[PDB]
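Notes follow the structure.
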Amino acid sequence: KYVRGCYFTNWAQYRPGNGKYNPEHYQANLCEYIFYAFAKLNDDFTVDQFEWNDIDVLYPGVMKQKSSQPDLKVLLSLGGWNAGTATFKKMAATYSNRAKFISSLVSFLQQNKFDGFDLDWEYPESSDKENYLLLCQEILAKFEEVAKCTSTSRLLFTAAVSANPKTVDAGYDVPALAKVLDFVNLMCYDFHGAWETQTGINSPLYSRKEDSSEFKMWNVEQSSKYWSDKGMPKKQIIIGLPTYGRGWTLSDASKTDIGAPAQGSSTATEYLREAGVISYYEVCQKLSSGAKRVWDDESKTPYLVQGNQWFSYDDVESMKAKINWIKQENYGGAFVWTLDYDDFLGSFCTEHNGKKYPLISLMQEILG
């Protein structure tokens, strides 16, 4: 009745100390689907592994989890934000280029025992709309062809899609893609971040009265609605849950409101070491240090203040509110980004008595 998904990342193995995330850190029945991020798209449009140890170690490591969760399905994700669109745009522009990518892809999936493919082209533009459609149609066709041919279940085929309606209009033929994609993973996050000069919410459930006109649809609720109205069935919209936060350095540590002015990004944190970004477990460390929390009931998310540092993030209350809203509105489910941001050891946080995956466990718990 409800999809429950989780992104694994193949660079989380390089965090320092207990931030290091390995496939053995996964938990049985946490996720129905594990989206592996990412494969590499070569310049010649062929698919290969991205990290030097995927084929030999990490891919099989994730697959071993099926031993204790037999209907765990694992899909290979290609793209992401770092990858950009340059290869994608070229690869998709001709039938023969997509044929080379598709065929290369089908073979890389079979060899490495994946259950499906997840296209995270971030993002198709006007010039790519029609190409994108054909690319997906042809991926389903080959998958359909391969399945009848080899007498197997068809490979699964999903896309991570843009939550910004202006992009959805530009680059997605939504009714056509509905007929073709299994489901879409709605990236209803990153709505606000340190690229802005004032504090905002990362992933607000609802809009806020103080939002300006350009952002009245930049919430989970209204962005999922937009996909619904463009012709994607609600059951094929899967709601993105962010286990990370974004943060600013406050311009004045006395104005600490949603919208307070900021002079730059939050200082890079101990583990993710990316300025402007905090993992959930890092938040728990900060709480333990007398960082103060503030619920925002309008948007149903918390923020965190400590010194001149201000983070929007997501915790058990905000996650409880979104997943419940997933059920109340009958969207297709939830997915989490990422596994390695939660308190996967269950030792960085203390409010949860040591429960592993305080945040991600909510999916199986509430969505069954």
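Chains: A, B, ... in order of the structure tokens. Residues: from 1 per chain. Ligands: from 1, in order shown.
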Write down as a VMD selection string the residues belonging to range 83-278 of chain A that are assigned strand (DSSP E or B) by DSSP computed on the backbone. chain A and resid 116 to 121 156 to 162 184 to 187 198 237 to 242 244 to 250 261 to 265 277 to 278
Based on the backbone DSSP call, show me all residues of range 236-323 of chain A assigned helix (DSSP H, G or I), as a count of residues only. 17
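Taking CA of residue 250 in chain A and CA of residue 264 in chain A as endpoints, the distance between them is 7.4 Å.
Residues lying within 9 Å of range 206-218 of chain A, counting only C-alpha atoms and ignoring same-chain neighbours fewer than 4 positions away, are residues 163, 164, 165, 188, 189, 191, 192, 222, 223, 226, 259, 298, 299 and 300 of chain A.
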Written file, previous selection with N, CA, C and O atoms, as a short mmCIF file (atom, residue, chain, number, x, y, z; two decimals), in the first residue's frame:
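Below is the file that was written, result30.cif:
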data_model
loop_
_atom_site.label_atom_id
_atom_site.label_comp_id
_atom_site.auth_asym_id
_atom_site.auth_seq_id
_atom_site.Cartn_x
_atom_site.Cartn_y
_atom_site.Cartn_z
N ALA A 163 11.18 18.93 -7.43
CA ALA A 163 10.03 19.42 -6.69
C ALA A 163 9.66 20.86 -7.03
O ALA A 163 8.67 21.37 -6.50
N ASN A 164 10.42 21.54 -7.90
CA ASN A 164 10.18 22.94 -8.22
C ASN A 164 9.27 23.03 -9.44
O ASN A 164 9.72 22.74 -10.56
N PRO A 165 8.01 23.45 -9.29
CA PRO A 165 7.05 23.40 -10.41
C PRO A 165 7.56 24.00 -11.71
O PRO A 165 7.23 23.49 -12.79
N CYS A 188 11.29 16.81 -2.74
CA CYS A 188 10.70 17.96 -2.06
C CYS A 188 11.58 18.39 -0.89
O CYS A 188 11.16 18.40 0.27
N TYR A 189 12.81 18.77 -1.19
CA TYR A 189 13.71 19.33 -0.20
C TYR A 189 14.70 20.24 -0.91
O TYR A 189 14.62 20.46 -2.12
N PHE A 191 14.63 23.27 -0.64
CA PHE A 191 13.87 24.46 -1.00
C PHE A 191 14.57 25.74 -0.55
O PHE A 191 14.41 26.80 -1.17
N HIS A 192 15.34 25.66 0.53
CA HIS A 192 16.04 26.81 1.07
C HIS A 192 17.37 26.34 1.64
O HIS A 192 17.50 25.21 2.12
N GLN A 222 2.37 21.32 -1.52
CA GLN A 222 1.94 21.91 -2.78
C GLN A 222 2.76 21.41 -3.95
O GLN A 222 2.28 21.41 -5.08
N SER A 223 4.00 20.99 -3.70
CA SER A 223 4.80 20.44 -4.78
C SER A 223 4.29 19.06 -5.18
O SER A 223 4.17 18.76 -6.38
N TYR A 226 1.32 19.60 -7.22
CA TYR A 226 1.57 20.01 -8.59
C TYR A 226 1.78 18.80 -9.48
O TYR A 226 1.18 18.69 -10.56
N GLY A 259 13.95 33.72 8.69
CA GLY A 259 14.05 34.96 7.94
C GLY A 259 15.09 35.92 8.47
O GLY A 259 15.29 36.98 7.86
N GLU A 298 3.53 26.14 11.71
CA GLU A 298 3.04 26.40 10.36
C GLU A 298 3.63 25.41 9.36
O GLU A 298 2.89 24.73 8.64
N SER A 299 4.96 25.32 9.31
CA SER A 299 5.66 24.43 8.39
C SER A 299 5.91 23.04 8.97
O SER A 299 6.36 22.16 8.23
N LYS A 300 5.66 22.84 10.26
CA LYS A 300 5.78 21.54 10.90
C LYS A 300 7.21 21.02 10.87
O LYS A 300 7.44 19.81 10.80
#
In terms of the shortest atom-to-atom distance over only C-alpha atoms, which of A:6, A:159, A:149, A:19 is closest to residue 343 in chain A?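 Checking each of A:6, A:159, A:149, A:19 against residue 343 in chain A, counting only C-alpha atoms, the winner is A:19.
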Minimum-distance residue to residue 320 in chain A, chosen among A:275, A:55, A:241, A:109 (using only C-alpha atoms):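 Closest candidate: A:241.
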Interface rows for range 143-215 of chain A against range 126-139 of chain A: nearest pair, Å to one decimal, 9 Å, only C-alpha atoms, as JSON lines:
{"residue": "A:143", "atom": "CA", "partner": "A:139", "partner_atom": "CA", "distance": 6.1}
{"residue": "A:144", "atom": "CA", "partner": "A:139", "partner_atom": "CA", "distance": 8.4}
{"residue": "A:157", "atom": "CA", "partner": "A:139", "partner_atom": "CA", "distance": 8.1}
{"residue": "A:167", "atom": "CA", "partner": "A:126", "partner_atom": "CA", "distance": 8.8}
{"residue": "A:169", "atom": "CA", "partner": "A:126", "partner_atom": "CA", "distance": 8.4}
{"residue": "A:170", "atom": "CA", "partner": "A:126", "partner_atom": "CA", "distance": 4.9}
{"residue": "A:171", "atom": "CA", "partner": "A:129", "partner_atom": "CA", "distance": 4.3}
{"residue": "A:172", "atom": "CA", "partner": "A:129", "partner_atom": "CA", "distance": 5.6}
{"residue": "A:173", "atom": "CA", "partner": "A:129", "partner_atom": "CA", "distance": 6.7}
{"residue": "A:176", "atom": "CA", "partner": "A:133", "partner_atom": "CA", "distance": 7.3}
{"residue": "A:177", "atom": "CA", "partner": "A:133", "partner_atom": "CA", "distance": 6.6}
{"residue": "A:179", "atom": "CA", "partner": "A:137", "partner_atom": "CA", "distance": 8.8}
{"residue": "A:180", "atom": "CA", "partner": "A:137", "partner_atom": "CA", "distance": 6.1}
{"residue": "A:181", "atom": "CA", "partner": "A:136", "partner_atom": "CA", "distance": 7.4}
Write the selection just made, keeping C-alpha atoms, as a tab-separated table (two decimals), in the first residue's frame?
chain	number	residue	atom	x	y	z
A	143	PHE	CA	13.44	-3.71	-19.95
A	144	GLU	CA	10.17	-5.10	-21.27
A	157	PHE	CA	12.46	1.79	-13.31
A	167	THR	CA	11.27	22.84	-13.63
A	169	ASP	CA	6.88	22.43	-16.45
A	170	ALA	CA	10.13	22.89	-18.33
A	171	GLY	CA	11.49	19.40	-18.58
A	172	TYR	CA	8.86	16.74	-17.76
A	173	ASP	CA	5.98	15.48	-19.89
A	176	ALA	CA	3.48	10.46	-20.70
A	177	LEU	CA	6.06	9.62	-18.01
A	179	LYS	CA	2.64	5.56	-18.36
A	180	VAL	CA	6.31	4.63	-18.32
A	181	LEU	CA	7.89	5.12	-14.89
Let me make sure I understand: among A:87, A:271, A:97, A:70, which one has the smallest atom-to-atom distance to residue 14 in chain A if we use only C-alpha atoms?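 Looking only at the distances to residue 14 in chain A, the closest residue turns out to be A:271.
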Using only C-alpha atoms, which residues sit within 12 Å of residue 153 in chain A once same-chain residues fewer than 5 positions away are excluded, as a VMD selection string? chain A and resid 114 to 116 143 to 148
So that I have them on file, write out the residues from the current selection with N, CA, C and O atoms, as an mmCIF file, in the first residue's frame.
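Okay, this is what ended up in result-v2.cif:
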data_model
loop_
_atom_site.group_PDB
_atom_site.id
_atom_site.type_symbol
_atom_site.label_atom_id
_atom_site.label_comp_id
_atom_site.auth_asym_id
_atom_site.auth_seq_id
_atom_site.Cartn_x
_atom_site.Cartn_y
_atom_site.Cartn_z
ATOM 1 N N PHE A 114 21.262 -6.061 -9.838
ATOM 2 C CA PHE A 114 20.294 -5.063 -9.396
ATOM 3 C C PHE A 114 18.867 -5.467 -9.780
ATOM 4 O O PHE A 114 18.636 -6.303 -10.660
ATOM 5 N N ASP A 115 17.896 -4.856 -9.106
ATOM 6 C CA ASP A 115 16.503 -5.125 -9.389
ATOM 7 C C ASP A 115 15.885 -4.042 -10.248
ATOM 8 O O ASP A 115 14.754 -4.210 -10.738
ATOM 9 N N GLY A 116 16.601 -2.945 -10.454
ATOM 10 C CA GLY A 116 16.004 -1.816 -11.136
ATOM 11 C C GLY A 116 17.005 -0.705 -11.350
ATOM 12 O O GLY A 116 18.174 -0.793 -10.951
ATOM 13 N N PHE A 143 13.752 -2.924 -21.135
ATOM 14 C CA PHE A 143 13.437 -3.713 -19.948
ATOM 15 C C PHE A 143 12.292 -4.676 -20.230
ATOM 16 O O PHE A 143 12.334 -5.844 -19.830
ATOM 17 N N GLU A 144 11.247 -4.196 -20.902
ATOM 18 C CA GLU A 144 10.166 -5.097 -21.275
ATOM 19 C C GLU A 144 10.686 -6.166 -22.223
ATOM 20 O O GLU A 144 10.470 -7.363 -22.005
ATOM 21 N N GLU A 145 11.430 -5.753 -23.250
ATOM 22 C CA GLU A 145 12.004 -6.716 -24.189
ATOM 23 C C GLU A 145 12.889 -7.720 -23.460
ATOM 24 O O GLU A 145 12.734 -8.933 -23.618
ATOM 25 N N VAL A 146 13.774 -7.238 -22.595
ATOM 26 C CA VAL A 146 14.684 -8.153 -21.922
ATOM 27 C C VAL A 146 13.915 -9.176 -21.096
ATOM 28 O O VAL A 146 14.234 -10.367 -21.122
ATOM 29 N N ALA A 147 12.860 -8.742 -20.396
ATOM 30 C CA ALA A 147 12.130 -9.633 -19.491
ATOM 31 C C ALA A 147 11.468 -10.790 -20.237
ATOM 32 O O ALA A 147 11.613 -11.950 -19.840
ATOM 33 N N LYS A 148 10.713 -10.494 -21.308
ATOM 34 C CA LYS A 148 10.064 -11.550 -22.090
ATOM 35 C C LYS A 148 11.098 -12.506 -22.657
ATOM 36 O O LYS A 148 10.959 -13.733 -22.592
#
Computed interatomic separation between CA of residue 281 in chain A and CA of residue 255 in chain A (Å):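 Separation of CA of residue 281 in chain A and CA of residue 255 in chain A: 25.7 Å.
Near residue 282 in chain A, within a cut-off of 8 Å and counting only C-alpha atoms, sit the residues residues 269, 270, 271, 278, 286 and 348 of chain A, with same-chain residues fewer than 4 positions away left out.
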Selected residues, N, CA, C and O atoms, written as a PDB file, in the first residue's frame, please.
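out32.pdb, freshly written:
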ATOM      1  N   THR A 269      30.446  21.026   9.558  1.00  0.00           N
ATOM      2  CA  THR A 269      30.288  20.197  10.741  1.00  0.00           C
ATOM      3  C   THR A 269      31.352  19.090  10.808  1.00  0.00           C
ATOM      4  O   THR A 269      32.121  18.852   9.869  1.00  0.00           O
ATOM      5  N   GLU A 270      31.378  18.395  11.949  1.00  0.00           N
ATOM      6  CA  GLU A 270      32.530  17.551  12.258  1.00  0.00           C
ATOM      7  C   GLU A 270      32.640  16.377  11.300  1.00  0.00           C
ATOM      8  O   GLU A 270      33.750  15.955  10.957  1.00  0.00           O
ATOM      9  N   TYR A 271      31.514  15.852  10.837  1.00  0.00           N
ATOM     10  CA  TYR A 271      31.533  14.633  10.046  1.00  0.00           C
ATOM     11  C   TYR A 271      31.291  14.894   8.571  1.00  0.00           C
ATOM     12  O   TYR A 271      32.093  14.462   7.743  1.00  0.00           O
ATOM     13  N   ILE A 278      24.157  19.893   7.687  1.00  0.00           N
ATOM     14  CA  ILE A 278      24.333  19.140   8.923  1.00  0.00           C
ATOM     15  C   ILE A 278      23.589  17.812   8.806  1.00  0.00           C
ATOM     16  O   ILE A 278      22.459  17.766   8.303  1.00  0.00           O
ATOM     17  N   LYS A 286      24.811  18.654  18.673  1.00  0.00           N
ATOM     18  CA  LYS A 286      24.649  20.067  18.973  1.00  0.00           C
ATOM     19  C   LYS A 286      23.610  20.290  20.071  1.00  0.00           C
ATOM     20  O   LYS A 286      23.821  21.116  20.969  1.00  0.00           O
ATOM     21  N   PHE A 348      24.684   8.588  18.643  1.00  0.00           N
ATOM     22  CA  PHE A 348      24.935  10.026  18.617  1.00  0.00           C
ATOM     23  C   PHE A 348      23.856  10.786  19.353  1.00  0.00           C
ATOM     24  O   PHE A 348      24.097  11.904  19.808  1.00  0.00           O
TER      25      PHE A 348
END
Distance CA of residue 240 in chain A-CA of residue 59 in chain A, one decimal place?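 It comes out at 23.4 Å.
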Excluding same-chain residues fewer than 3 positions from range 45-47 of chain A, what lies within 10 Å of it counting only C-alpha atoms, as a list in words? residues 39, 40, 41, 42, 50, 78, 87, 88, 90, 91, 92, 97, 98, 99, 100, 101, 102, 103, 104, 105, 106, 107, 108 and 109 of chain A
I'd like the contact shell of residue 185 in chain A - 9 Å cut-off, only C-alpha atoms, skipping same-chain residues fewer than 5 positions apart - returned as a CSV table (one decimal) with N, CA, C and O atoms, in the first residue's frame.
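Output below, filename selection17.csv:
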chain,number,residue,atom,x,y,z
A,5,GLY,N,11.3,3.9,0.8
A,5,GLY,CA,12.6,3.8,0.1
A,5,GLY,C,13.7,4.5,0.9
A,5,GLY,O,13.5,5.4,1.7
A,158,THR,N,12.6,3.7,-11.9
A,158,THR,CA,12.1,4.9,-11.2
A,158,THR,C,12.9,6.1,-11.6
A,158,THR,O,14.0,6.0,-12.1
A,159,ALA,N,12.4,7.3,-11.2
A,159,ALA,CA,13.2,8.5,-11.4
A,159,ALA,C,13.1,9.4,-10.2
A,159,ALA,O,12.0,9.5,-9.5
A,160,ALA,N,14.2,10.0,-9.8
A,160,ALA,CA,14.2,11.1,-8.8
A,160,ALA,C,13.9,12.4,-9.6
A,160,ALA,O,14.6,12.7,-10.6
A,161,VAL,N,12.9,13.1,-9.2
A,161,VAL,CA,12.4,14.2,-10.0
A,161,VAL,C,12.4,15.5,-9.2
A,161,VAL,O,12.6,15.5,-8.0
A,162,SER,N,12.3,16.6,-9.9
A,162,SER,CA,12.4,18.0,-9.3
A,162,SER,C,11.1,18.4,-8.6
A,162,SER,O,10.0,18.2,-9.2
A,236,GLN,N,1.9,7.0,-7.5
A,236,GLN,CA,3.2,7.0,-8.1
A,236,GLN,C,4.1,8.2,-7.7
A,236,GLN,O,5.3,8.3,-8.1
A,237,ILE,N,3.6,9.1,-6.9
A,237,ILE,CA,4.4,10.2,-6.2
A,237,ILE,C,4.9,9.6,-4.8
A,237,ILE,O,4.0,9.3,-4.0
A,238,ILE,N,6.2,9.6,-4.7
A,238,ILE,CA,6.8,9.2,-3.4
A,238,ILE,C,7.5,10.4,-2.8
A,238,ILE,O,8.4,11.0,-3.4
A,239,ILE,N,7.2,10.6,-1.5
A,239,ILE,CA,7.5,11.9,-0.8
A,239,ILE,C,8.9,11.7,-0.2
A,239,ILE,O,9.3,10.8,0.5
A,240,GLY,N,9.8,12.7,-0.5
A,240,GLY,CA,11.2,12.7,0.0
A,240,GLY,C,11.3,13.2,1.4
A,240,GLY,O,10.8,14.3,1.7
A,334,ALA,N,6.9,7.1,1.0
A,334,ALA,CA,8.0,8.0,1.4
A,334,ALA,C,9.3,7.3,1.0
A,334,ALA,O,9.5,6.1,0.8
A,335,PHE,N,10.3,8.2,0.8
A,335,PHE,CA,11.7,7.7,0.7
A,335,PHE,C,12.6,8.7,1.5
A,335,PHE,O,12.2,9.9,1.6
Would you please work out which residue, of A:301, A:285, A:306, A:254, is nearest to residue 267 in chain A when using only C-alpha atoms? A:306
